[PDB]
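> One file is attached below, protein38.tsv, containing TSV, C-alpha atoms and all ligand atoms.
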chain	number	residue	atom	x	y	z
A	5	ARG	CA	11.72	-24.77	13.84
A	6	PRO	CA	9.56	-27.97	13.56
A	7	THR	CA	9.03	-30.92	15.96
A	8	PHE	CA	10.76	-34.17	14.90
A	9	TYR	CA	10.02	-37.86	15.65
A	10	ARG	CA	12.09	-41.04	15.56
A	11	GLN	CA	11.68	-44.53	14.20
A	12	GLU	CA	13.80	-47.45	13.18
A	13	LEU	CA	13.49	-48.20	9.52
A	14	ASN	CA	15.77	-51.08	8.60
A	15	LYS	CA	19.06	-50.66	10.56
A	16	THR	CA	18.70	-46.90	10.62
A	17	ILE	CA	17.19	-44.30	13.00
A	18	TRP	CA	15.15	-41.87	10.89
A	19	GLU	CA	14.59	-38.51	12.50
A	20	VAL	CA	12.26	-36.21	10.56
A	21	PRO	CA	9.77	-33.32	11.00
A	22	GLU	CA	6.21	-34.36	12.11
A	23	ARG	CA	5.03	-32.84	8.80
A	24	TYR	CA	6.31	-35.95	6.99
A	25	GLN	CA	4.22	-39.07	7.71
A	26	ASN	CA	3.90	-42.78	6.78
A	27	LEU	CA	7.52	-43.29	5.88
A	28	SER	CA	7.99	-46.51	3.95
A	29	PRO	CA	11.46	-47.48	2.68
A	30	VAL	CA	11.84	-47.87	-1.08
A	31	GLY	CA	15.54	-48.84	-1.34
A	32	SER	CA	18.85	-47.08	-1.97
A	33	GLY	CA	19.32	-43.73	-3.65
A	34	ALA	CA	22.67	-42.04	-4.33
A	35	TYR	CA	24.62	-42.34	-0.99
A	36	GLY	CA	21.78	-43.36	1.34
A	37	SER	CA	18.27	-44.77	1.85
A	38	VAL	CA	15.07	-43.37	0.48
A	39	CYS	CA	11.64	-43.40	2.10
A	40	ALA	CA	8.34	-42.70	0.42
A	41	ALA	CA	6.47	-40.34	2.73
A	42	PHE	CA	3.38	-38.17	2.94
A	43	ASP	CA	3.84	-34.40	3.26
A	44	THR	CA	0.95	-33.13	5.44
A	45	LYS	CA	1.90	-29.49	4.72
A	46	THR	CA	1.34	-29.87	0.92
A	47	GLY	CA	-0.82	-33.05	0.67
A	48	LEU	CA	1.83	-34.50	-1.67
A	49	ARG	CA	3.79	-37.77	-1.94
A	50	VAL	CA	7.50	-37.14	-1.41
A	51	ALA	CA	10.77	-39.14	-1.36
A	52	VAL	CA	13.09	-38.62	1.64
A	53	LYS	CA	16.76	-39.67	1.27
A	54	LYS	CA	18.80	-39.95	4.52
A	55	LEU	CA	22.44	-39.58	3.58
A	56	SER	CA	24.54	-42.38	5.07
A	57	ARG	CA	27.40	-40.87	7.23
A	58	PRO	CA	27.45	-37.60	5.25
A	59	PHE	CA	30.61	-36.41	7.16
A	60	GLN	CA	32.73	-39.55	7.81
A	61	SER	CA	35.46	-38.50	5.30
A	62	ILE	CA	36.47	-35.66	2.88
A	63	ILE	CA	34.90	-37.70	0.02
A	64	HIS	CA	31.51	-38.02	1.84
A	65	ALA	CA	31.72	-34.47	3.14
A	66	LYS	CA	32.50	-32.95	-0.32
A	67	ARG	CA	29.93	-35.15	-2.11
A	68	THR	CA	27.30	-34.12	0.50
A	69	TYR	CA	28.00	-30.46	-0.28
A	70	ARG	CA	28.04	-31.21	-4.08
A	71	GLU	CA	24.69	-32.98	-4.04
A	72	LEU	CA	22.97	-30.25	-1.94
A	73	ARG	CA	24.46	-27.53	-4.28
A	74	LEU	CA	23.26	-29.48	-7.35
A	75	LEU	CA	19.75	-29.94	-6.05
A	76	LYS	CA	19.28	-26.39	-4.83
A	77	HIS	CA	20.17	-25.04	-8.29
A	78	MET	CA	17.93	-27.21	-10.51
A	79	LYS	CA	14.55	-25.68	-11.42
A	80	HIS	CA	13.17	-27.41	-14.55
A	81	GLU	CA	10.29	-29.84	-15.21
A	82	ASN	CA	12.51	-32.76	-16.36
A	83	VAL	CA	15.16	-32.37	-13.68
A	84	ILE	CA	14.55	-33.45	-10.07
A	85	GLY	CA	14.33	-30.49	-7.73
A	86	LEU	CA	14.75	-29.87	-4.02
A	87	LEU	CA	11.47	-29.69	-2.09
A	88	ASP	CA	13.06	-29.58	1.39
A	89	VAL	CA	16.39	-30.25	3.12
A	90	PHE	CA	16.66	-30.74	6.91
A	91	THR	CA	18.65	-31.93	9.96
A	92	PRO	CA	17.60	-32.74	13.58
A	93	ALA	CA	20.72	-30.80	14.69
A	94	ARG	CA	20.00	-27.53	16.47
A	95	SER	CA	23.53	-26.06	15.95
A	96	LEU	CA	26.61	-26.64	13.67
A	97	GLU	CA	28.36	-28.59	16.49
A	98	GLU	CA	25.82	-31.41	16.64
A	99	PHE	CA	25.21	-31.37	12.83
A	100	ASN	CA	25.60	-35.03	11.72
A	101	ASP	CA	22.66	-35.80	9.47
A	102	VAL	CA	21.30	-34.55	6.19
A	103	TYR	CA	17.88	-35.50	4.75
A	104	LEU	CA	16.91	-34.45	1.19
A	105	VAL	CA	13.21	-34.32	0.14
A	106	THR	CA	11.98	-34.37	-3.50
A	107	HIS	CA	8.75	-35.34	-5.37
A	108	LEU	CA	7.97	-39.03	-5.48
A	109	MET	CA	7.67	-40.02	-9.13
A	110	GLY	CA	5.89	-43.36	-9.27
A	111	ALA	CA	8.68	-45.38	-10.91
A	112	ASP	CA	11.86	-45.45	-12.97
A	113	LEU	CA	12.63	-46.58	-16.53
A	114	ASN	CA	13.40	-50.23	-15.64
A	115	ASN	CA	9.91	-50.74	-14.17
A	116	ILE	CA	8.21	-49.30	-17.29
A	117	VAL	CA	9.75	-51.63	-19.98
A	122	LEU	CA	6.33	-49.30	-25.64
A	123	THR	CA	4.85	-47.55	-28.70
A	124	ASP	CA	6.83	-45.13	-30.84
A	125	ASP	CA	4.97	-42.08	-29.52
A	126	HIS	CA	5.82	-43.08	-25.96
A	127	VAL	CA	9.50	-43.27	-26.86
A	128	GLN	CA	9.17	-39.87	-28.60
A	129	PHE	CA	7.73	-38.32	-25.43
A	130	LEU	CA	10.13	-39.93	-22.99
A	131	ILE	CA	13.35	-39.33	-24.97
A	132	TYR	CA	12.06	-35.86	-25.71
A	133	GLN	CA	11.85	-35.13	-21.96
A	134	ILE	CA	15.36	-36.54	-21.30
A	135	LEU	CA	16.93	-34.25	-23.91
A	136	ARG	CA	14.93	-31.29	-22.71
A	137	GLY	CA	16.30	-32.15	-19.22
A	138	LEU	CA	19.90	-32.56	-20.56
A	139	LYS	CA	19.83	-29.28	-22.37
A	140	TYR	CA	19.13	-27.51	-19.12
A	141	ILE	CA	21.73	-29.31	-17.05
A	142	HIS	CA	24.34	-29.12	-19.86
A	143	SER	CA	23.76	-25.39	-20.17
A	144	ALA	CA	25.13	-24.97	-16.59
A	145	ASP	CA	28.28	-26.98	-17.46
A	146	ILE	CA	26.95	-29.93	-15.50
A	147	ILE	CA	27.21	-33.41	-16.91
A	148	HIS	CA	25.29	-36.40	-15.68
A	149	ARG	CA	27.96	-39.02	-16.59
A	150	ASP	CA	25.94	-42.08	-15.57
A	151	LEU	CA	22.60	-41.46	-17.26
A	152	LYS	CA	20.74	-44.79	-17.25
A	153	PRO	CA	17.20	-46.17	-16.98
A	154	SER	CA	17.19	-46.51	-13.19
A	155	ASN	CA	17.86	-42.77	-12.65
A	156	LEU	CA	15.06	-41.68	-15.00
A	157	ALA	CA	12.01	-41.24	-12.78
A	158	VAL	CA	8.58	-41.48	-14.46
A	159	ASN	CA	4.99	-41.13	-13.17
A	160	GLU	CA	1.83	-42.71	-14.75
A	161	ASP	CA	1.47	-39.73	-17.15
A	162	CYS	CA	4.88	-40.63	-18.70
A	163	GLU	CA	6.18	-37.31	-17.27
A	164	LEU	CA	9.88	-37.80	-16.60
A	165	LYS	CA	12.59	-36.41	-14.31
A	166	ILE	CA	16.31	-36.97	-14.30
A	167	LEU	CA	17.96	-37.95	-10.99
A	168	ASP	CA	21.51	-38.33	-9.74
A	169	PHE	CA	23.31	-36.07	-12.28
A	170	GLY	CA	26.70	-34.54	-11.47
A	171	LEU	CA	27.81	-37.12	-8.90
A	172	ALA	CA	29.85	-39.73	-10.84
A	173	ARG	CA	33.46	-38.54	-10.59
A	174	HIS	CA	34.88	-35.91	-13.06
A	175	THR	CA	38.28	-37.60	-13.65
A	176	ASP	CA	40.15	-40.68	-12.39
A	177	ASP	CA	42.26	-38.27	-10.24
A	178	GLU	CA	39.21	-38.04	-7.86
A	179	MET	CA	37.08	-40.58	-5.89
A	180	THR	CA	33.39	-39.69	-5.05
A	181	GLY	CA	32.20	-43.21	-4.06
A	182	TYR	CA	29.56	-43.17	-6.86
A	183	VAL	CA	29.11	-46.41	-8.85
A	184	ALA	CA	28.25	-46.06	-12.62
A	185	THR	CA	26.65	-48.68	-15.02
A	186	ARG	CA	28.74	-50.06	-17.83
A	187	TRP	CA	26.04	-50.60	-20.45
A	188	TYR	CA	25.02	-46.94	-20.92
A	189	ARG	CA	28.49	-45.31	-20.66
A	190	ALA	CA	30.14	-43.53	-23.59
A	191	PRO	CA	33.27	-45.39	-24.74
A	192	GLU	CA	35.35	-42.20	-24.12
A	193	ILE	CA	34.50	-41.88	-20.35
A	194	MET	CA	34.50	-45.62	-19.87
A	195	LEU	CA	37.94	-46.03	-21.46
A	196	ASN	CA	39.30	-42.47	-21.13
A	197	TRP	CA	40.60	-42.63	-24.72
A	198	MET	CA	39.83	-39.21	-26.04
A	199	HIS	CA	38.68	-36.10	-24.18
A	200	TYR	CA	35.01	-35.86	-23.39
A	201	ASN	CA	32.26	-33.32	-23.16
A	202	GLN	CA	28.51	-33.22	-22.40
A	203	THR	CA	27.73	-35.56	-25.23
A	204	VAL	CA	28.88	-38.48	-23.04
A	205	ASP	CA	25.18	-38.15	-21.97
A	206	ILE	CA	23.88	-38.32	-25.55
A	207	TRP	CA	25.61	-41.68	-26.04
A	208	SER	CA	23.68	-42.87	-22.97
A	209	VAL	CA	20.41	-41.49	-24.45
A	210	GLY	CA	21.22	-43.48	-27.64
A	211	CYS	CA	21.51	-46.66	-25.55
A	212	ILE	CA	18.34	-45.98	-23.54
A	213	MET	CA	16.28	-45.05	-26.63
A	214	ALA	CA	17.43	-48.23	-28.49
A	215	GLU	CA	16.48	-50.40	-25.51
A	216	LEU	CA	13.03	-48.78	-25.30
A	217	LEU	CA	12.51	-49.57	-28.99
A	218	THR	CA	13.70	-53.17	-28.99
A	219	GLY	CA	13.28	-54.38	-25.38
A	220	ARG	CA	16.94	-55.57	-25.43
A	221	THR	CA	19.96	-53.94	-23.82
A	222	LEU	CA	21.87	-52.43	-26.67
A	223	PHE	CA	25.32	-53.28	-25.31
A	224	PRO	CA	25.16	-55.74	-22.41
A	225	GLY	CA	28.99	-55.86	-22.03
A	226	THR	CA	30.44	-58.21	-19.41
A	227	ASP	CA	33.56	-55.98	-18.87
A	228	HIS	CA	35.41	-53.03	-20.40
A	229	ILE	CA	36.76	-54.97	-23.37
A	230	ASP	CA	33.61	-57.04	-24.15
A	231	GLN	CA	31.66	-53.75	-23.86
A	232	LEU	CA	33.99	-52.12	-26.37
A	233	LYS	CA	33.65	-55.20	-28.64
A	234	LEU	CA	29.83	-54.99	-28.57
A	235	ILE	CA	30.00	-51.31	-29.45
A	236	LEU	CA	32.37	-51.57	-32.40
A	237	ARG	CA	30.24	-54.39	-33.87
A	238	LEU	CA	27.53	-51.82	-34.38
A	239	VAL	CA	29.45	-48.60	-35.15
A	240	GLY	CA	32.63	-50.05	-36.77
A	241	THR	CA	36.30	-49.68	-35.84
A	242	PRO	CA	37.29	-45.96	-35.71
A	243	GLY	CA	38.65	-44.43	-38.94
A	244	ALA	CA	42.09	-42.86	-39.47
A	245	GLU	CA	40.58	-39.46	-38.63
A	246	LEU	CA	39.26	-40.77	-35.31
A	247	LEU	CA	42.52	-42.54	-34.46
A	248	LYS	CA	44.19	-39.14	-34.91
A	249	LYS	CA	42.36	-37.96	-31.81
A	250	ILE	CA	43.12	-40.82	-29.38
A	251	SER	CA	45.38	-39.32	-26.72
A	252	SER	CA	46.46	-42.63	-25.12
A	253	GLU	CA	49.09	-44.82	-26.79
A	254	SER	CA	47.65	-48.13	-25.42
A	255	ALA	CA	44.04	-47.54	-26.48
A	256	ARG	CA	45.18	-46.63	-30.02
A	257	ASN	CA	47.41	-49.74	-30.02
A	258	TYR	CA	44.56	-51.96	-28.97
A	259	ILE	CA	42.01	-50.66	-31.51
A	260	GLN	CA	44.40	-50.93	-34.48
A	261	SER	CA	44.95	-54.56	-33.52
A	262	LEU	CA	41.35	-55.73	-33.26
A	263	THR	CA	40.31	-57.33	-36.53
A	264	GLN	CA	38.27	-54.65	-38.29
A	265	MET	CA	34.50	-54.31	-38.09
A	266	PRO	CA	32.49	-52.35	-40.70
A	267	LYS	CA	29.87	-49.89	-39.54
A	268	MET	CA	26.46	-51.44	-39.88
A	269	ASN	CA	23.32	-50.14	-41.45
A	270	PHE	CA	21.26	-48.99	-38.48
A	271	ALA	CA	18.06	-49.68	-40.49
A	272	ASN	CA	19.06	-53.37	-40.64
A	273	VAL	CA	19.60	-53.30	-36.88
A	274	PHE	CA	16.54	-51.31	-35.84
A	275	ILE	CA	14.13	-53.01	-38.26
A	276	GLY	CA	10.49	-51.97	-37.93
A	277	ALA	CA	11.58	-48.77	-36.15
A	278	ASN	CA	10.30	-45.43	-37.32
A	279	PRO	CA	13.11	-44.29	-39.75
A	280	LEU	CA	13.33	-40.90	-37.97
A	281	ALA	CA	14.05	-42.79	-34.76
A	282	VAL	CA	16.76	-44.71	-36.73
A	283	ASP	CA	18.27	-41.45	-38.11
A	284	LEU	CA	18.53	-39.93	-34.61
A	285	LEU	CA	20.20	-43.11	-33.20
A	286	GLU	CA	22.83	-42.86	-35.95
A	287	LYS	CA	23.45	-39.27	-34.80
A	288	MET	CA	23.71	-40.26	-31.14
A	289	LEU	CA	25.84	-43.34	-31.28
A	290	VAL	CA	28.95	-42.05	-33.06
A	291	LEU	CA	32.36	-42.75	-31.52
A	292	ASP	CA	33.59	-39.27	-32.29
A	293	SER	CA	33.06	-36.99	-29.29
A	294	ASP	CA	33.10	-33.84	-31.44
A	295	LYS	CA	30.67	-35.23	-33.96
A	296	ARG	CA	27.90	-36.59	-31.73
A	297	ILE	CA	24.66	-34.54	-31.72
A	298	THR	CA	24.08	-32.30	-28.59
A	299	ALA	CA	20.90	-32.12	-26.51
A	300	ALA	CA	19.86	-28.83	-28.10
A	301	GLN	CA	20.38	-30.07	-31.66
A	302	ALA	CA	18.68	-33.41	-30.92
A	303	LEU	CA	15.63	-31.44	-29.63
A	304	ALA	CA	15.28	-29.93	-33.09
A	305	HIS	CA	15.37	-33.30	-34.98
A	306	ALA	CA	12.30	-34.26	-37.11
A	307	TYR	CA	11.72	-37.26	-34.79
A	308	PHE	CA	10.42	-34.79	-32.20
A	309	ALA	CA	8.14	-32.60	-34.43
A	310	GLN	CA	5.19	-33.40	-32.19
A	311	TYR	CA	7.04	-32.21	-29.03
A	312	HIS	CA	9.53	-29.50	-30.04
A	313	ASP	CA	8.94	-25.93	-29.01
A	314	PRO	CA	12.11	-23.77	-29.17
A	315	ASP	CA	10.44	-21.17	-26.90
A	316	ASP	CA	9.89	-23.70	-24.09
A	317	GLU	CA	13.20	-25.45	-23.85
A	318	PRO	CA	14.90	-23.23	-21.33
A	319	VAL	CA	18.58	-23.16	-20.26
A	320	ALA	CA	19.86	-22.89	-16.66
A	321	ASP	CA	21.21	-19.97	-14.59
A	322	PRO	CA	25.02	-20.00	-14.20
A	323	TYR	CA	26.21	-22.54	-11.64
A	324	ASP	CA	29.33	-21.97	-9.60
A	325	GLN	CA	31.27	-25.19	-9.26
A	326	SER	CA	34.55	-23.64	-8.27
A	327	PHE	CA	34.26	-25.55	-4.95
A	328	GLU	CA	35.10	-28.64	-7.01
A	329	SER	CA	38.77	-27.75	-7.27
A	330	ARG	CA	39.25	-26.97	-3.59
A	331	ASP	CA	40.98	-29.03	-0.94
A	332	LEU	CA	39.29	-28.43	2.39
A	333	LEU	CA	39.01	-30.22	5.77
A	334	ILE	CA	35.94	-32.35	6.63
A	335	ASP	CA	34.84	-29.65	9.12
A	336	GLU	CA	35.12	-27.02	6.32
A	337	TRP	CA	32.95	-29.05	3.89
A	338	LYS	CA	30.67	-29.73	6.80
A	339	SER	CA	30.13	-26.01	7.72
A	340	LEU	CA	29.64	-25.13	4.05
A	341	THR	CA	26.84	-27.72	3.84
A	342	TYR	CA	25.36	-26.20	7.05
A	343	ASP	CA	25.15	-22.74	5.45
A	344	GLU	CA	23.37	-24.32	2.49
A	345	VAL	CA	20.77	-26.05	4.76
A	346	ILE	CA	20.13	-22.79	6.70
A	347	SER	CA	19.77	-20.64	3.60
A	348	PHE	CA	17.33	-23.10	1.91
A	349	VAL	CA	14.06	-21.54	0.89
A	350	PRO	CA	11.42	-23.96	-0.42
A	351	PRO	CA	9.72	-23.47	-3.82
A	352	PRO	CA	6.68	-21.13	-3.75
A	353	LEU	CA	3.29	-22.76	-3.29
A	354	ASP	CA	0.50	-21.23	-5.37
A	355	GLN	CA	-3.16	-22.27	-4.92
A	401	LIG	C1	14.94	-38.47	-2.47
A	401	LIG	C2	16.11	-38.03	-3.35
A	401	LIG	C3	16.96	-37.08	-2.77
A	401	LIG	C4	18.07	-36.64	-3.47
A	401	LIG	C5	18.28	-37.12	-4.77
A	401	LIG	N1	19.39	-36.59	-5.45
A	401	LIG	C6	19.44	-36.47	-6.79
A	401	LIG	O1	18.57	-36.81	-7.58
A	401	LIG	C7	20.66	-35.83	-7.26
A	401	LIG	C8	20.79	-35.00	-8.48
A	401	LIG	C9	22.09	-34.62	-8.39
A	401	LIG	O2	22.70	-35.16	-7.29
A	401	LIG	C10	21.85	-35.88	-6.59
A	401	LIG	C11	17.41	-38.05	-5.39
A	401	LIG	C12	16.34	-38.51	-4.65
A	401	LIG	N2	15.38	-39.46	-5.07
A	401	LIG	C13	14.14	-39.09	-5.54
A	401	LIG	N3	13.24	-40.00	-5.85
A	401	LIG	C14	13.42	-41.35	-5.72
A	401	LIG	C15	12.40	-42.27	-6.04
A	401	LIG	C16	12.67	-43.62	-5.93
A	401	LIG	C17	13.94	-44.09	-5.50
A	401	LIG	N4	14.13	-45.48	-5.38
A	401	LIG	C18	13.36	-46.21	-6.41
A	401	LIG	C19	13.44	-47.72	-6.14
A	401	LIG	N5	14.86	-48.18	-6.06
A	401	LIG	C20	14.91	-49.65	-5.73
A	401	LIG	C21	15.56	-47.44	-4.98
A	401	LIG	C22	15.54	-45.93	-5.31
A	401	LIG	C23	14.95	-43.18	-5.16
A	401	LIG	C24	14.69	-41.82	-5.26
A	401	LIG	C25	15.72	-40.79	-4.93
A	401	LIG	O3	16.84	-41.09	-4.55
Just give me the structure of the file as structure tokens.
Ligand SMILES: Cc1ccc(NC(=O)c2ccoc2)cc1-n1cnc2ccc(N3CCN(C)CC3)cc2c1=O


Amino acid sequence: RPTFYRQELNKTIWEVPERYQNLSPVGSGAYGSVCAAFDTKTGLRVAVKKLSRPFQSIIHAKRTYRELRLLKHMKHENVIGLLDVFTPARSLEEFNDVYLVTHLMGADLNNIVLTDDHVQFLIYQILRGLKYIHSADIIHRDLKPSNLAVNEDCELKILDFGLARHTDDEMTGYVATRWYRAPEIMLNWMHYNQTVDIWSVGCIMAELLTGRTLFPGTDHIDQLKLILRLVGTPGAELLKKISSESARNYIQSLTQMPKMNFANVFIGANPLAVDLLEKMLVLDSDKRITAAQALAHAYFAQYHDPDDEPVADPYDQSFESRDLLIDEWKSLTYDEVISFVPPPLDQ
């Protein structure tokens, strides 16, 4: 067991192993504050998130367990991984604090915004990342530029997947961003699958190509209006699939937009880039390209290697459907701290 040391970094008492040095706060991550630090053990720059009141409620408690489970499972270049997890607690009884340590990528995709080859590389890495998380039946749900971490090599990792609530029957505290959300999760108007994340990739890729937010909607309805202006009102075959009677009512009432020519919207874009965008930004949940299929699209010829696009090990999210006391979520998280083994360090 290591020696810890305490400091006050903006409201909060950080208590961390002596191994981590020169903590300097960089803002909020998912459910708590993040410090940049220096890892004396590895010589590396790391990010330390202190979860804010991890065990105040069932929601915080379950979400704490979820995040730690998520992180401990991901092992892939384009998906953030767990370098370390720790507590100052010396027993389960006094266990009150969780700190999660990952690599510090220099930046995220806001800060960056770009040539076509740059967009190829970055979107390529996102889809390579999504294939792996999708293959474990995990869905990001709020993929967006601020949770795409990038270093100066344009090497990219996805953060914060799997947190934004599954249905509207649950609350996880996590706040999504309107502009990158698939119309089906935003509005809950047909069922949804992993391709909610492909819609997002569509929106991010477009933005990288034009500098403009694709759909800067000011609310749910304005957002839906912006979207239909580009893709057109849904056809009779799409209407067939809308499960809600109010959504279908609303749509069939809007005065009808035609689908536009994506070439006349993405003018000056590489035509392969345009073709992919048309395959990503389709209303129909069953028709939208998947991560795997997008990886094989001509746009990515320079990057695609079927033998280096791995899938994940099976991930057991049966805990998701359980209804347990705060102390039960709490002890489960404790087990997961104690059993943590850090990634191997070669020379
Ligand atoms: C350190 C850390 C620990 C855990 C998690 N959890 C997940 O990614 C995740 C995946 C599934 O569920 C949760 C993420 C992080 N993490 C890693 N690196 C970061 C780098 C920078 C920042 N900040 C960038 C600047 N911004 C103003 C505030 C956030 C933030 C971060 C940042 O939050």

> How far is it from atom CA of residue A:266 to atom CA of residue A:289, in Å with one decimal?

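Answer for the atom CA of residue A:266 to atom CA of residue A:289 separation: 14.6 Å.
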
> Could you please extract the residues within 7 Å of ligand LIG 401 (chain A), counting only C-alpha atoms and all ligand atoms, and hand them back as a list in words?

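Answer in the requested format: residues 30, 31, 32, 33, 34, 38, 51, 52, 53, 71, 74, 75, 84, 104, 105, 106, 107, 108, 109, 111, 112, 157, 167, 168, 169, 170 and 171 of chain A.
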
> Tell me, in Å to one decimal, how far atom CA of residue A:22 is from atom CA of residue A:68.

24.1 Å

> At a cut-off of 12 Å, using only C-alpha atoms, what residues contact residue A:245? Leave out same-chain residues fewer than 5 positions from it and give the result as JSON, numbers by chain.

{"A": [250, 291, 292, 294, 295]}

> I'd like to know which of A:341, A:196, A:260, A:128 is closest to residue A:309, using all atoms listed in the file.

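The answer is A:128, which sits nearest to residue A:309.
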
> Give me, as CSV, the closest atom pair and its distance (Å, one decimal) for every residue of stretch 29-82 of chain A within a cut-off of 12 Å of stretch 325-332 of chain A, counting only C-alpha atoms, rows sorted by chain and rising number.


residue,atom,partner,partner_atom,distance
A:61,CA,A:332,CA,11.2
A:62,CA,A:332,CA,7.8
A:63,CA,A:332,CA,10.5
A:65,CA,A:332,CA,9.7
A:66,CA,A:328,CA,8.4
A:67,CA,A:328,CA,9.6
A:69,CA,A:327,CA,9.2
A:70,CA,A:328,CA,8.1
A:71,CA,A:325,CA,11.5
A:73,CA,A:325,CA,8.8
A:74,CA,A:325,CA,9.3
A:77,CA,A:325,CA,11.1

> Please provide the set of residues having any atom within 12 Å of residue A:166, restricted to only C-alpha atoms, with same-chain residues fewer than 2 positions apart removed, written as JSON, numbers by chain.

{"A": [75, 78, 79, 80, 81, 82, 83, 84, 85, 106, 107, 109, 111, 112, 113, 130, 131, 133, 134, 135, 136, 137, 138, 139, 140, 141, 147, 148, 150, 151, 152, 153, 154, 155, 156, 157, 158, 163, 164, 168, 169, 170, 205, 209]}

> Generate a file of the selected residues that holds C-alpha atoms, formatted as a compact mmCIF listing (two decimals), keeping the file's coordinate frame.


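Now in part21.txt:
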# COMPACT_ATOMS: atom_id res chain seq x y z
CA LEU A 75 19.75 -29.94 -6.05
CA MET A 78 17.93 -27.21 -10.51
CA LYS A 79 14.55 -25.68 -11.42
CA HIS A 80 13.17 -27.41 -14.55
CA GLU A 81 10.29 -29.84 -15.21
CA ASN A 82 12.51 -32.76 -16.36
CA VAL A 83 15.16 -32.37 -13.68
CA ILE A 84 14.55 -33.45 -10.07
CA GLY A 85 14.33 -30.49 -7.73
CA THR A 106 11.98 -34.37 -3.50
CA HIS A 107 8.75 -35.34 -5.37
CA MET A 109 7.67 -40.02 -9.13
CA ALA A 111 8.68 -45.38 -10.91
CA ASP A 112 11.86 -45.45 -12.97
CA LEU A 113 12.63 -46.58 -16.53
CA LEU A 130 10.13 -39.93 -22.99
CA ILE A 131 13.35 -39.33 -24.97
CA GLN A 133 11.85 -35.13 -21.96
CA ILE A 134 15.36 -36.54 -21.30
CA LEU A 135 16.93 -34.25 -23.91
CA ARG A 136 14.93 -31.29 -22.71
CA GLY A 137 16.30 -32.15 -19.22
CA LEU A 138 19.90 -32.56 -20.56
CA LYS A 139 19.83 -29.28 -22.37
CA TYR A 140 19.13 -27.51 -19.12
CA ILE A 141 21.73 -29.31 -17.05
CA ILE A 147 27.21 -33.41 -16.91
CA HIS A 148 25.29 -36.40 -15.68
CA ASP A 150 25.94 -42.08 -15.57
CA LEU A 151 22.60 -41.46 -17.26
CA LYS A 152 20.74 -44.79 -17.25
CA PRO A 153 17.20 -46.17 -16.98
CA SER A 154 17.19 -46.51 -13.19
CA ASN A 155 17.86 -42.77 -12.65
CA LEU A 156 15.06 -41.68 -15.00
CA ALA A 157 12.01 -41.24 -12.78
CA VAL A 158 8.58 -41.48 -14.46
CA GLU A 163 6.18 -37.31 -17.27
CA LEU A 164 9.88 -37.80 -16.60
CA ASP A 168 21.51 -38.33 -9.74
CA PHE A 169 23.31 -36.07 -12.28
CA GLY A 170 26.70 -34.54 -11.47
CA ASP A 205 25.18 -38.15 -21.97
CA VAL A 209 20.41 -41.49 -24.45

> Have a look at A:182, A:42, A:274, A:258 and name the one nearest to residue A:219; count all atoms listed in the file.

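Closest candidate: A:274.
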
> Every residue with an atom at most 8 Å from (25.9, -44.0, 1.3) (file coordinates; all atoms listed in the file) is what I'm after, so could you write them as a ChimeraX atom specification?

/A:34-37,55-58

> One number please: atom CA of residue A:259 to atom CA of residue A:247, in Å, one decimal.

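Atom CA of residue A:247 lies 8.7 Å from atom CA of residue A:259.
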
> Nearest to residue A:306 among A:45, A:349, A:132, A:227, with distances taken over only C-alpha atoms: which residue is it?

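Among A:45, A:349, A:132, A:227, it is A:132 that comes nearest to residue A:306.
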
> Pick the closest to residue A:272 from A:238, A:320, A:50, A:284: which is it, counting all atoms listed in the file?

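Comparing A:238, A:320, A:50, A:284 against residue A:272, the winner is A:238.
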
> Using only C-alpha atoms, which residue out of A:198, A:146, A:102, A:93 lies closest to residue A:253?

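Nearest candidate to residue A:253 out of A:198, A:146, A:102, A:93: A:198.
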
> Let me make sure I understand: among A:204, A:214, A:64, A:192, which one has the smallest atom-to-atom distance to residue A:246 if we use only C-alpha atoms?

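Smallest distance to residue A:246 is found for A:192.
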
> I'd like the neighbourhood of residue A:24 as an NGL selection string, where a residue qualifies if any of its atoms comes within 12 Å (using only C-alpha atoms), though same-chain residues fewer than 5 positions away should be ignored.

:A and (6-10 or 18-19 or 39-52 or 88 or 90 or 103 or 105)

> Excluding residue A:338 and residues on its chain fewer than 4 positions from it, collect all residues at most 7 Å away from it, counting all atoms listed in the file, and give them as number ranges by chain.

A: 59, 65, 334, 342
